[PDB]
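Chains as they are written, first to last, in the deposited numbering: chain E, 2 to 31, 33 to 261; chain L, 6 to 23, 33 to 161; chain I, 2 to 122, 139 to 151, 153 to 203. Ideal Cβ placement from N, Cα and C applies to all residues, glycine included. Okay, structure first, notes after.
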RNA sequence: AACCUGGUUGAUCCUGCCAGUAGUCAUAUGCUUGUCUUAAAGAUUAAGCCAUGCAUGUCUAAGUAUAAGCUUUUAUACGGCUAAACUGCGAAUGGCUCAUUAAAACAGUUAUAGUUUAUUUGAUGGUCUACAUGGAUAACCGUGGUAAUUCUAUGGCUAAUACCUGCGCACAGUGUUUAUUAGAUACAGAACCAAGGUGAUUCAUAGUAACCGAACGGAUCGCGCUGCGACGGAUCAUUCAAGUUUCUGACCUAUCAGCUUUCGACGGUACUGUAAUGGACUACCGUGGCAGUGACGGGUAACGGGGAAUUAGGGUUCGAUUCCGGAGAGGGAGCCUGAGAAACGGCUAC
RNA sequence: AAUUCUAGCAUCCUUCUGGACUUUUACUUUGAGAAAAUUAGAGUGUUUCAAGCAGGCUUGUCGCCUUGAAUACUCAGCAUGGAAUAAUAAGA
RNA sequence: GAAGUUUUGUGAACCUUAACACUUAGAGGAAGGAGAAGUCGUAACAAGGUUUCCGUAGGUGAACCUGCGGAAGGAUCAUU
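Written out as structure tokens, the structure is:
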């Protein structure tokens, strides 16, 4: 009541962080570009994915060196919400991490090449006219690129340059274009787009087809266009967003563990 | 027509336009009626004539009285499941609802579809979209139709 | 204070509504400034957000747009003439929205001489062009000008803005309110 | 494990209850008790009352240093380091409890074209003595009052990212307030004269005519013709939110059947008020609204849900209590400051 | 060849290049979206076990298993394929 | 821009009356069950010595009795 809540609790955290039940009563709380449940804070990358830090203390000792950057910019706050399709860049080690969705429905820092780690994609939420009658995009990231093409519509991605501010490569939202899912049940799945239903009132949905010919649906808010009909602007994680079945995921896992 | 103490005037039309009439197109797959365009009535709260969006829900039901001015009340009927006995149960809710004077001769026991809008008074949230003439015999509140 | 909420007062059934909560600041109202004629005074009320909302208390003057001619002049007020809601507000001269008011009309008469040169009671070319471009003036407005007054509807909310603005009455609105002035007489 | 034995008769077969039996990751209590791992615990009745101590404070190269402080390096404005004090930000989170409360709250499901939003993230913007404007305030020094406290007066100095003013092109910006034009779209054209965006708008935005000062357009700070970032503040998104809001859903009770209204009950017009929508409130006007599918009223040893116990299936009972809402700080009521409180480890009154 | 689903032909629409019409729902099917904890449950010798979400290989050192922590479950509401059943509508 | 002050609204608290709710005293009256054994009958169970019972009415120490109309749960499934 009475104002914004400064604590978040463990358990009442998101499940896709995979913070454990014991070993803490509270969990780190991420406001930044991204939402609370559609992001992951910079602490649980460093300690609970990348395994650089042990403790919450040690993440302060890393981040206040000014070694961590995101989007070619130094972020000093340890609880910064670093979300979908943000680049992370550490100068020592000289390795870069683009955050994608894993096929199971988790965040994972996908390691990438140095030339690839310049650019990143931003799907545009809407397009809107600012003052002096100038046009302007706005993104899922909460950037606002201005003077686009007239070409560029809602619900489609743009390759940003990052080294400079400006856009470079557009993409369109149509049938036969590659598209990852960012939320809901089918998260972490990439497939070409077959068809979308309108439903003139609320909630457009899209059916789309995995590269092993599995068909599945999501709302348009969740869908995020990568690239053209086959091929893709970005590098993909392990499995490339197929999501193999429950008995298959059993068989591959226990076949691994026997060595 | 000027019934009231204040001058009833349609916003949308400027004082420069004093012949011209404003009419909105409400959308959502609902056609604008002809008597909205042709006639000379005002209504602030009409979907087709004045400032009110329709947005969110749409509700069908049976009209049970049309006594109060520029407003009706619409009996919704529905079955309620009772999982122990594995068996249904007839309930109702009287939604009170605005209607505009484009719809001439809205009789008791007519069918009427009605979209949600901002709260216009305490009881009414919904506004009319479209009506249909049908007879009903004896009492209207007895008449159970599910839609 | 003044509670705007629906937790007090009856249900549609005619039943008392249970209330288990104390009044909330976001369910606020405030005492109404029945603002009037006089020399100007205005009070900044600090509202929710931090945002300021300026309460009128006495207003002499206002910006009033003639619609047809497409001009607006700053003008002094004389008196409140009619109100739709309440006759007590006319009795005290209380400015509110939709309230019909008297106006000097010497700003418009000076403009109408200067712009057109038909009047009431190198350029010349510019005046002629303006006349061709836009001056017949209704028969009732011709009679109305002779007194040194006009009639006009207050369009702004003085309580929120801290400002009396309006527009001049013309055509059907003007013919309408001339009935209900004459009817009480 | 989908389970059954004893008791009415001189005896039998029934209906039928009483008693037995088992579980509780439910309390209490008796007797007994060697070991290690995990661990509920002033909820039930008295949301009865409280001694003492503690639970909210906070400083970077970067707001203000003349401690009549320290420290060895010795600096004609300012060597650093810093008590104290002013300014900024926080104190509205967390924690505790379950007395209220029965279409209320809450749950899932919409809407916000009906709105406010510190901060974060990204945008934007020359248009109105400019080598620099003003005078007071602590701590400090001198000095008192009172029995007594986080009581404080008089006198003397001095600061600012405190407080208040305030020129400016490279008539004239942005914002506020009203009026008002454009904001096109199922087909091709011919002759004559004087192109954003929604399912959807009065939306975005541009243009025209004026309005006010009551708001922005940097009199700020550190490292180093020239880079980096600290702070301030406006509008627009964004994020953390919050406020309302659509639909559907609850235990017992009819030895509760008719409730609601001139003092808002249901609706209409036009104000007012609010962050905005509304009988939310005020004028006039109409006579409505709910109910036998349970209105209105009463009871609860009732906060709601996620859940818990219970060995076929269907169910029955519990949920003060780890998470998410809600409400409260002895009882009621009022209010300041702020982005946010009708706050109680803030204030005023009974 | 059984068991699914589907095009034709016995006189079977079309306005276009997937949606519009077939009275309307219920019903059933698949799909969306819906916090975790708890509950069932995949994997794993916490010495067993209640648990927990960890671990496991190995004289190699930018360690590897491009490591795991799956998945189900959550009336009313939104969407959709369908020939019965049952309401309901009607009667150029 | 202080003290003080005018009129409004928000409105604690206290009091009068009334109603509703819930505990609680009461001379006397009059129920039910328990004792564990008393006094007076004998009503029912057999045709229980006047068959039993129902509804209603009146009367009497008490069970009960009688009037009118029913029932077999009767002591008769039965005879121009």
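- Membership of residue 200 of chain I in the alpha helix (DSSP H) is indicated by the continuous run 190-200.
- In the three-state scheme derived from DSSP, where H, G and I count as helix and E and B as strand, residue 18 of chain E is classed as helix.
- Nearest to residue 63 of chain L by C-alpha distance, out of L:139, L:137, L:89, L:34, is L:34.
- As a beta-bridge residue in DSSP terms, residue 78 of chain I pairs with I:104.
- By the C-beta criterion, the stretch 221-234 of chain E is judged to be in contact with the stretch 178-193 of chain E, since at least 3 inter-stretch pairs fall below 8 Å.
- With fewer than 16 other beta carbons inside 10 angstroms of its own, residue 161 of chain L counts as exposed.
- In chain order, 202, 203 make up the part of chain E whose C-beta sits under 7 Å from the C-beta of residue 42 of chain L.
- Residue 65 of chain I is bridged by DSSP to I:74, I:184.
- If you look at residue 117 of chain E, you'll find it isn't in any beta strand (DSSP E); DSSP assigns it neither H nor E.
- In the displayed model, residue 130 of chain L falls within a strand according to three-state DSSP.
- Using a Cβ-Cβ cut-off of 8 Å, residue 21 of chain L is close to 68, 69 of chain I, given in chain order.
- Annotated three-state conformation of residue 91 of chain E is strand, per DSSP.
- Contact annotation for residue 10 of chain L against chain I: 85 [CB-CB distance below 7 Å, chain order].
- Bounds of the beta strand (DSSP E) holding residue 55 of chain I are 53-57.
- DSSP places residue 193 of chain E in the strand class (E or B) of the three-state scheme.
- Here DSSP, grouped into helix, strand and coil, assigns residue 248 of chain E to helix.
- Taking 8 Å as the cut-off, the Cβ atoms of residue 156 of chain E and residue 146 of chain E do not count as close.
- Annotated three-state conformation of residue 92 of chain L is strand, per DSSP.
- For residue 15 of chain L, not one C-beta of chain I is nearer than 8 Å to its own C-beta.
- Taking C-alpha positions only, residue 220 of chain E is separated from residue 110 of chain E by approximately 22 Å.
- In this structure, the alpha-carbon of residue 241 of chain E lies about 38 Å from that of residue 7 of chain E.
- Nearest to residue 67 of chain L by alpha-carbon distance, out of L:131, L:138, L:23, L:135, is L:131.
- Taking 8 Å as the cut-off, the beta carbon of residue 90 of chain E is found no closer than this to the beta carbon of residue 76 of chain E.
- DSSP lists E:92 as the bridge partner or partners of residue 97 of chain E.
- The three-state reading of DSSP puts residue 209 of chain E in strand, counting E and B together.
- Burial is judged here by how many other beta carbons sit within 10 angstroms of a residue's own beta carbon; residue 82 of chain E has at least 16 and is buried.
- Close partners of residue 7 of chain L in chain I (Cβ separation under 7 Å): 194.
- Boundaries of the beta strand (DSSP E) around residue 45 of chain I: 43-47.
- Residue state for residue 73 of chain L is assigned as strand, using DSSP reduced to three classes.
- Between residue 61 of chain I and residue 40 of chain I, the CB-CB gap stays under 8 Å.
- DSSP places residue 258 of chain E within a helical segment (H, G or I) once states are collapsed to three.
- DSSP places residue 153 of chain L in the coil class of the three-state scheme, outside both helix and strand.
- In chain order, 121, 124 place their CB closer than 8 Å to the CB of residue 147 of chain L, counting only its own chain and leaving out the 5 sequence neighbours on each side.
- For residue 109 of chain L, the closest of L:142, L:97, L:52, L:46 by C-alpha to C-alpha distance is L:142.
- Excluding sequence positions up to five before and after residue 39 of chain E, its CB lies within less than 6 Å of the CB of 15, all in the same chain and listed in chain order.
- For residue 33 of chain L, not one C-beta of chain I is nearer than 8 Å to its own C-beta.
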